Structures are given as structure tokens and as C-alpha cells.
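Visitor: Could you have a look at this structure, given as C-alpha cells, before my questions?
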Amino acid sequence: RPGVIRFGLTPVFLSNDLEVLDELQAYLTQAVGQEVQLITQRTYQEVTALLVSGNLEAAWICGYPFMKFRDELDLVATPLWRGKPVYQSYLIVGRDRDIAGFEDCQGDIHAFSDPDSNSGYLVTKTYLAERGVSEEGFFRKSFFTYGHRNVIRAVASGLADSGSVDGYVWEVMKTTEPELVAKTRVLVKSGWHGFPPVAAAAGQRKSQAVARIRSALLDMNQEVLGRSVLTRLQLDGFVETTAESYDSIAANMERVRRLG
């Protein structure tokens, strides 16, 4: 009862599903006792600012923002998806597009998710950097959709010739929106990276709320609601991890910088 908790969301899952946004708020307030409010922004960077500055108690964010601000944030918990707390980046093209590999997308109009996304930018940036080109040199046009669901839409609709997307989001939409997703196919799958975690500011790690929150996430599979929420997100639940999960990502950040 003491007040109001601010919990941040990013489109690292289907945050358009208002139904889930509801159940989720429900499970959290019960588990935490106080009223929890879910926050969203237009971009990742915006959420990341609010989180670093402690304006949000915690937030569900991509692995890339977490490592970029590694020092100013700590892990709370990481989703489990199909057994393991990991995911891939999918480079997607049109279903009927006849092409072999990445190199054939030269000259595409390309949809990225967010300049701060691992699966929606960084991974593909790496593929470019290893070939000594940038997006402006390799693609005839590129743009940010500010969300993974949106990348898939862009490709499916024909607005983009190819796209870079969170593979979890793609595999979930393959079942919740199968006709859309069926207008795309996966051209390249990355290696496995740490699943987008929940996290909080480091100079407020020793906090009641985080602990209250860290708890809510691990025990989610133990409530009736929390089990409904998980079913919706197609996740097994949340586990504790350390920064070492996210090394694959930091090493890509390093490859991009060193290759530039």
C-alpha cells in the first residue's frame, strides 16, 4: 500500500497485446502489494534513460542497452524461453523471395527495429561491419520501425525487402498472427544471445522494491494469474542470471567498434 511502482516495458515481446498488459499489471501489484504501473516509450533509448536515472524501479529491456550501461544497471531476472534464457536474431525476407544468403540483400530497403536493439540492429550491423560496409553503403534505404512486431509487418506488407528482428517475437507471431508471419521467411539466424532481461539501476540495488520485484518474477509460474501471463508470452518463466549471459552481445559491440 505505501505508493506507486513504475515498471518499464519495451517491444522485446508483443507489448501491443493489451490483454497481457492487463494481466501483467494484475500479477505484479498483487505480488508486490503496492500499485504497479507499466510504462512505455516510443524508443528504447527513452526507456533506458528513465531506468538509468531511477525514474523506473525496473524495466524489461534488450540485452544491448543493458551492456551499454552495464555499470549503471543490474540484472533482476531473465525470461526462460523453450528451456533456456536465450534467443536469436532473424534476418527476414519475403516468403517468395528467391535468394541464397545475406550478401544478396545488397540494395534492399531494410527495416531495423531500433538503433539500440541487439536482434533488431546490432547483429546485422556486425554482418555489415565484417564486410567493411555500413547500412548506407549496403542498402538503398534503411529505417527503424521502433518495434519487432513492426519489423515483421514492414517486411510482410512489402514496405521493406528485408528486416532484422527478435526471433522470439517472430516465433510467437508465427502462431498468434500466422497469416502475416507467413508472408515472411527467415534468411539468416544468428548465434544465441542472452534473452532480453529485466533490470534496475545499480545505485538502488539494495532496494525493497527490486527485491519485491525480483521475487514476483521468479514466482510467476507459481500463481494462477502469473501462469496465465506466461502462457500468453509463451515463456516458461523467469530465472536469475549474471552479466556473463550477455558476453556474446558485448563481444559484438566490440567487433562493431573495432571494425568501423
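Following the order of the C-alpha cells, first chain is A, next is B, and so on, with residues numbered from 1 inside each chain and ligands from 1 in the order they appear.
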Residues near stretch 91-100 of chain A, anyone? I mean within 7 Å using only C-alpha atoms, not counting same-chain ones fewer than 5 positions away, as number ranges by chain.

Guide: A: 155-156, 161-165, 182-189

Visitor: Taking 5 positions as the minimum chain separation for residues in the same chain, which residues sit within 12 Å of residue A:48 when counting only C-alpha atoms? Answer as a ChimeraX atom specification.

Guide: /A:7-10,39-43,53-70,72-73,116-117,198-201

Visitor: Hey, can you spit out that residue selection with C-alpha atoms as an mmCIF file, in the first residue's frame?

Guide:
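Output contents, as saved in result_24.cif:
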```
data_model
loop_
_atom_site.group_PDB
_atom_site.id
_atom_site.type_symbol
_atom_site.label_atom_id
_atom_site.label_comp_id
_atom_site.auth_asym_id
_atom_site.auth_seq_id
_atom_site.Cartn_x
_atom_site.Cartn_y
_atom_site.Cartn_z
ATOM 1 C CA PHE A 7 7.816 -0.741 -14.297
ATOM 2 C CA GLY A 8 9.186 -0.217 -17.792
ATOM 3 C CA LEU A 9 8.354 -2.084 -20.999
ATOM 4 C CA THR A 10 9.970 -2.311 -24.418
ATOM 5 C CA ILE A 39 5.451 2.346 -18.635
ATOM 6 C CA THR A 40 6.186 2.519 -22.344
ATOM 7 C CA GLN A 41 8.039 4.867 -24.641
ATOM 8 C CA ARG A 42 8.478 5.372 -28.362
ATOM 9 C CA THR A 43 12.092 4.218 -28.380
ATOM 10 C CA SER A 53 18.029 7.738 -13.729
ATOM 11 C CA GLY A 54 15.970 5.564 -11.304
ATOM 12 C CA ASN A 55 12.689 7.131 -12.530
ATOM 13 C CA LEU A 56 11.674 3.478 -13.080
ATOM 14 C CA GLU A 57 12.216 0.876 -10.366
ATOM 15 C CA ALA A 58 12.828 -1.814 -13.013
ATOM 16 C CA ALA A 59 12.140 -2.449 -16.711
ATOM 17 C CA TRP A 60 12.107 -5.237 -19.283
ATOM 18 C CA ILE A 61 14.850 -4.231 -21.778
ATOM 19 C CA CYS A 62 17.062 -5.558 -24.514
ATOM 20 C CA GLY A 63 20.476 -7.108 -23.833
ATOM 21 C CA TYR A 64 22.236 -4.371 -25.832
ATOM 22 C CA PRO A 65 21.070 -1.412 -23.695
ATOM 23 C CA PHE A 66 21.935 -3.422 -20.619
ATOM 24 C CA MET A 67 25.561 -3.982 -21.691
ATOM 25 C CA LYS A 68 25.997 -0.447 -22.991
ATOM 26 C CA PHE A 69 25.113 0.759 -19.482
ATOM 27 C CA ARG A 70 26.459 -2.324 -17.724
ATOM 28 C CA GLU A 72 24.790 1.641 -14.077
ATOM 29 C CA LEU A 73 22.381 -1.285 -14.034
ATOM 30 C CA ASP A 116 19.606 0.282 -29.604
ATOM 31 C CA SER A 117 18.304 -3.253 -30.354
ATOM 32 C CA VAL A 198 14.504 -7.198 -16.577
ATOM 33 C CA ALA A 199 16.909 -4.805 -14.864
ATOM 34 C CA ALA A 200 17.209 -1.897 -12.499
ATOM 35 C CA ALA A 201 19.535 0.915 -11.523
#
```

Visitor: In Å, rounded to a single decimal, give me how far atom CA of residue A:107 is from atom CA of residue A:141.

Guide: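 Atom-to-atom, atom CA of residue A:141 and atom CA of residue A:107 are spaced 7.7 Å apart.
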
Visitor: Please identify which residues in stretch 45-238 of chain A DSSP calls strand (DSSP E) from the backbone, and express them as a PyMOL selection string.

Guide: chain A and resi 58-60+73-80+86-87+89-94+109-112+141-144+162-166+184-189+193-194+198-201+237-238

Visitor: From the DSSP assignment of the backbone, select every residue of stretch 43-207 of chain A that is helix (DSSP H, G or I), and format the answer as an MDAnalysis selection string.

Guide: chainID A and resid 44:52 63:68 70:72 102:105 118:129 135:138 148:157 167:176 178:181 202:204

Visitor: Any chance you could export the current selection's C-alpha atoms as a short mmCIF file (atom, residue, chain, number, x, y, z; two decimals), in the first residue's frame?

Guide:
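out_16.cif written:
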```cif
data_model
loop_
_atom_site.label_atom_id
_atom_site.label_comp_id
_atom_site.auth_asym_id
_atom_site.auth_seq_id
_atom_site.Cartn_x
_atom_site.Cartn_y
_atom_site.Cartn_z
CA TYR A 44 14.45 2.02 -26.37
CA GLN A 45 16.81 4.83 -25.64
CA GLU A 46 13.92 6.73 -23.91
CA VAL A 47 13.21 3.78 -21.57
CA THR A 48 16.90 3.24 -20.90
CA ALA A 49 17.20 6.93 -19.75
CA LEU A 50 14.29 6.61 -17.34
CA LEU A 51 15.81 3.40 -15.98
CA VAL A 52 19.37 4.64 -15.51
CA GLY A 63 20.48 -7.11 -23.83
CA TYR A 64 22.24 -4.37 -25.83
CA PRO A 65 21.07 -1.41 -23.70
CA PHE A 66 21.94 -3.42 -20.62
CA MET A 67 25.56 -3.98 -21.69
CA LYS A 68 26.00 -0.45 -22.99
CA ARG A 70 26.46 -2.32 -17.72
CA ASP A 71 27.92 -0.26 -14.94
CA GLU A 72 24.79 1.64 -14.08
CA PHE A 102 22.92 -12.18 -46.63
CA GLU A 103 25.05 -10.88 -49.50
CA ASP A 104 22.02 -10.95 -51.77
CA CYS A 105 20.21 -8.31 -49.71
CA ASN A 118 20.59 -6.27 -30.35
CA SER A 119 18.39 -8.50 -32.53
CA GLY A 120 16.93 -5.58 -34.48
CA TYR A 121 20.13 -3.74 -35.35
CA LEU A 122 23.42 -4.81 -33.72
CA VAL A 123 23.58 -8.34 -35.05
CA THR A 124 23.01 -7.19 -38.60
CA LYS A 125 25.39 -4.25 -38.13
CA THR A 126 28.01 -6.87 -37.31
CA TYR A 127 27.32 -8.68 -40.62
CA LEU A 128 27.84 -5.37 -42.40
CA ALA A 129 30.93 -4.33 -40.42
CA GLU A 135 23.95 0.34 -43.92
CA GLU A 136 24.06 3.49 -46.07
CA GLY A 137 26.59 1.73 -48.37
CA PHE A 138 24.99 -1.70 -48.49
CA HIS A 148 9.96 -6.05 -33.60
CA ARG A 149 6.37 -6.76 -34.46
CA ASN A 150 6.65 -3.75 -36.68
CA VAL A 151 9.71 -5.08 -38.49
CA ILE A 152 7.72 -8.21 -39.46
CA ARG A 153 4.85 -6.07 -40.66
CA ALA A 154 7.14 -3.94 -42.74
CA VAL A 155 8.58 -6.99 -44.46
CA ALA A 156 5.20 -8.74 -44.85
CA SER A 157 3.50 -5.70 -46.31
CA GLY A 167 13.47 -14.32 -33.29
CA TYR A 168 11.34 -14.96 -30.18
CA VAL A 169 8.88 -12.31 -31.38
CA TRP A 170 8.84 -13.93 -34.82
CA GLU A 171 8.21 -17.43 -33.45
CA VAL A 172 5.41 -16.18 -31.19
CA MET A 173 3.76 -14.24 -34.00
CA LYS A 174 4.03 -17.30 -36.23
CA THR A 175 1.22 -18.67 -34.06
CA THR A 176 -0.71 -15.54 -32.89
CA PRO A 178 0.08 -16.74 -38.70
CA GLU A 179 -1.09 -15.23 -42.00
CA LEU A 180 1.09 -12.19 -41.57
CA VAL A 181 4.16 -14.02 -40.50
CA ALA A 202 22.73 -0.16 -9.63
CA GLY A 203 22.83 2.75 -7.12
CA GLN A 204 19.40 1.49 -5.93
#
```

Visitor: Can you pull out the residues contacting residue A:27? Cut-off 10 Å, using only C-alpha atoms, and skip same-chain residues under 2 positions away; I want them as a list in words.

Guide: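 Residues near the query, excluding close chain neighbours: residues 22, 23, 24, 25, 29, 30, 31, 32, 33, 36, 216, 217, 220, 223, 224, 225, 226, 227, 228 and 229 of chain A.
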